[PDB]
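Below you'll find the structure, written out as structure tokens, and then a few comments.
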Amino acid sequence: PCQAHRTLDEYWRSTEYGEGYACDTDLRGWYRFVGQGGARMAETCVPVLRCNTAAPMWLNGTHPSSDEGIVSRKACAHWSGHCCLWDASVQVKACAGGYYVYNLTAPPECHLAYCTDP
Amino acid sequence: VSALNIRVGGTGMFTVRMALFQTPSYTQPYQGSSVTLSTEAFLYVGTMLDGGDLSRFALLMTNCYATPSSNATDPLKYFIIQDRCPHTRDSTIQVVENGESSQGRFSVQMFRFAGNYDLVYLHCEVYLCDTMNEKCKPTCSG
Amino acid sequence: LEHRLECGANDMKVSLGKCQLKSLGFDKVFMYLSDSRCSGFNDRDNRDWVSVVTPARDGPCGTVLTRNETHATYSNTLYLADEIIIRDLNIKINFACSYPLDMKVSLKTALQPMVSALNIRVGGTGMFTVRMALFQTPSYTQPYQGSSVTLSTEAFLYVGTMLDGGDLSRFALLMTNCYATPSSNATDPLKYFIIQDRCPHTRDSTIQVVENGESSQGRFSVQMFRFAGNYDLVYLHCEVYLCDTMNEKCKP
Amino acid sequence: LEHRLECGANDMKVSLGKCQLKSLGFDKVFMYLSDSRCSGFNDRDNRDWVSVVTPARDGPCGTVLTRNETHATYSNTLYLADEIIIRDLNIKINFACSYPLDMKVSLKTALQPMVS
Ligand SMILES: *[C@@H]1O[C@H](CO)[C@@H](O[C@@H]2O[C@H](CO)[C@@H](O[C@@H]3O[C@H](CO)[C@@H](O)[C@H](O[C@H]4O[C@H](CO)[C@@H](O)[C@H](O)[C@@H]4O)[C@@H]3O)[C@H](O)[C@H]2NC(C)=O)[C@H](O)[C@H]1NC(C)=O
Ligand SMILES: *[C@@H]1O[C@H](CO)[C@@H](O[C@@H]2O[C@H](CO)[C@@H](O[C@@H]3O[C@H](CO)[C@@H](O)[C@H](O[C@H]4O[C@H](CO)[C@@H](O)[C@H](O)[C@@H]4O)[C@@H]3O)[C@H](O)[C@H]2NC(C)=O)[C@H](O)[C@H]1NC(C)=O
Ligand SMILES: *[C@@H]1O[C@H](CO)[C@@H](O[C@@H]2O[C@H](CO)[C@@H](O)[C@H](O)[C@H]2NC(C)=O)[C@H](O)[C@H]1NC(C)=O
Ligand SMILES: *[C@@H]1O[C@H](CO)[C@@H](O[C@@H]2O[C@H](CO)[C@@H](O)[C@H](O)[C@H]2NC(C)=O)[C@H](O)[C@H]1NC(C)=O
Ligand SMILES: *[C@@H]1O[C@H](CO)[C@@H](O[C@@H]2O[C@H](CO)[C@@H](O)[C@H](O)[C@H]2NC(C)=O)[C@H](O)[C@H]1NC(C)=O
Ligand SMILES: *[C@@H]1O[C@H](CO)[C@@H](O)[C@H](O)[C@H]1NC(C)=O
């Protein structure tokens, strides 16, 4: 968990990036978002065509604070005008310190990717 | 001592590839067959060289273009890279390394051909150069 | 003797079949390249074969690079011997194969853009040109230019209609019904129909029709007549219809 | 904008004022039919007009034909661009004019018989 994870230093994942086509089907494991992109995922459904993707996704609900353990959340995906139209399963865990980890699964259909709010 | 000389010959093709990169800074390749973009999106493509003798040979793009079909000799061409230099009349065109090393990359804002065309293909033509025999860096100005 | 050289991307392989080298007199094959350490080995692709492998570089095993404007040639020399020391006759296979320096590469993925579009719709209408003509000679081969034509009742009367408009291949000029009226206007009450309801009015035997509704032009022949009363003017008219030559037929 | 379309007896043409499109922002225009070989050209009758000419038939330059029981229509799409590549504001002028199937004809010559 907090010690066994792969970092992602990507500055194009922020909710400010123009538009891309990247889709994350090879994302496997627990990740620690690091860099100018941000440390935590999106908390509200970000508008369409952002995060270097056509249909970005977001973590629905609120992040768990310190000392919460393993939590189950369902990362919704905004597309076509109906926020959270496809669903993916994520497992967030807080960490000792100012950072998080996520169980990043593959979205059901490609041209979906996660964001990080700066 | 007398010698007998048998002379034989042959021909071979180096291997040069093209790939579409899913991210800026050209990090991961694309494993799809058709990609749907918006015209406001940038395009991040590049060429590799797997043939061999990368020490003496530097990959370099003499000319690259786009055609609305798979056919590469199509009369309709938009020269993305014209005569070893990136297009200057289009501001959204930039190259990173052309002839510097064994891999060349460039980026172009996506377009769509005017008329009854709904697809855009890409084709370059590569000219390998010797790193030490001659000077390969293309530096052009208006 | 058979030679097979595969000048691959980075491997230059020279091979000689041992099944023939045995019969050639070499009971044990020594396969030295220009560098004595690039000794040959055994492989089996189509049969038991001996071969050497030299990387396609500048001097990994003695290869020498010769550069031309359009090609790069990699030169080397083989060496054969039935033992370590030769006295009878040296054997050298001066093998070399060149690569090109001008290639073409194509992106293998179709790339489809999307963009917002606006569609302004503009309409209109035109008219197919159909002109009616008078023939004063048989076989329908000579038109009449004058405005006024005076001809006896007994003599026949030949009238032709021809479609001048485009798309002649797709459209055949049908002739719904013709009539003759003693006035320029087509609204006149008393009329003399020549062809009634797509087929000729046959109550008068002096009427005959040729090539009606089959080509771009139709025609008919009808005897001259005098309207009852003090009507010395006969202005005949007709209206035509167009058929789709494949969906239906215009033969009545 | 302005689009004058005259549906002639044999062929149809769509014309656009050069001054109007120059003011609209197109220095040089590319008029493309359903097939790009019907590129627009220049012709002047009362002002500068850039125009396209298409035969009024089924297929000579992509003109679709769909005839119903009473009229027959010849529909072709038009494309306009200030360059070879469109990058924003793709423009399509969907033009079509229909011809009637029922027409009236009459001789222009006065006839005069006589009976003894
Ligand atoms: C720079 O160097 C390149 C690489 O060598 C060179 O290309 C060579 O051109 C020569 C001249 O034509 C070719 O020489 C061969 O010589 C004999 C006849 O003299 C034949 O073996 C060849 O003809 C055959 O060519 C084909 C076989 O590959 C077949 O069509 C057929 O069998 C012909 O008979 C040929 O003439 C030599 O083969 C090529 N090298 C290749 C093709 O790899 C180039 O010309 C040089 N440029 C200069 C000097 O400006
Ligand atoms: C067979 O197909 C033909 C050709 O498509 C069709 O004739 C069309 O009829 C419709 C319905 O009347 C017309 O549609 C137009 O639609 C809008 C309004 O909805 C207007 O542009 C038109 O009204 C105009 O009418 C006059 C035209 O100048 C003017 O008074 C004025 O501009 C009005 O706005 C019109 O309603 C269409 O234009 C015609 N096509 C013509 C006239 O060429 C026909 O009805 C079909 N027959 C069938 C289905 O049985
Ligand atoms: C995130 O957490 C889950 C739950 O611990 C990990 O394992 C999955 O557990 C469910 C429930 O039994 C299984 O159905 C899944 O098959 C498990 N996943 C795999 C890949 O086997 C899950 O792996 C974690 N995800 C990441 C991306 O690390
Ligand atoms: C690629 O495009 C050309 C042009 O459309 C195709 O047709 C050839 O056109 C050239 C002139 O451009 C003629 O000289 C040739 O005779 C045409 N035929 C051939 C077979 O070359 C050409 O066929 C297309 N190639 C492929 C592989 O589809
Ligand atoms: C052509 O002339 C006639 C005769 O003056 C005009 O009026 C028609 O007259 C006939 C015979 O009485 C009637 O059957 C028609 O109904 C009349 N048509 C009308 C009133 O519209 C006729 O209008 C003239 N036609 C034209 C096109 O001018
Ligand atoms: C995810 O959380 C959002 C934000 O409160 C909520 O609207 C949505 O219903 C949640 N998703 C599901 C599947 O309940």
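The residues of chain B that appear here are 443-584 by Swiss-Prot count, in order.
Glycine is treated like the rest: Cβ placed from N, Cα and C.
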Query raised in the report: Which of these, B:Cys506, B:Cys527, shares a disulfide with B:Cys582 in Swiss-Prot?
Result: B:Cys527
Query raised in the report: Can you name the residues of this chain that are 6 or more positions from B:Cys571 (disulfide bond) yet have a C-beta less than 8 Å from its C-beta?
Result: B:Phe499, B:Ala500, B:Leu502, B:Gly541, B:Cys578
Query - Proximity to chain C among disulfide-bonded residues B:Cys506, B:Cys566, B:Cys582, where any Cβ pair is under 8 Å - result: B:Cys566
Query raised in the report: If we check Cα distances from B:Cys527 (disulfide bond), which of the recorded positions B:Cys506, B:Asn513, B:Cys566 wins as closest?
Result: B:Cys506
Query raised in the report: Near B:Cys527 (disulfide bond), how many other Cβ atoms are within 10 Å of its Cβ?
Result: 15
Query raised in the report: What is the number of other Cβ atoms found within 10 Å of the Cβ of B:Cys582 (disulfide bond)?
Result: 10
Report summary line: Per DSSP, the region 'Internal hydrophobic patch (IHP)' (B:454-465) contains 0 helix, 6 strand, 6 coil
Query - Whole-number Å value for how far B:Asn513 (N-linked glycosylation site) lies from B:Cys506 (disulfide bond) (Cα to Cα) - result: 14
Query raised in the report: Just counting, how many other CB atoms are there within 10 A of the CB of B:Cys578 (disulfide bond)?
Result: 18
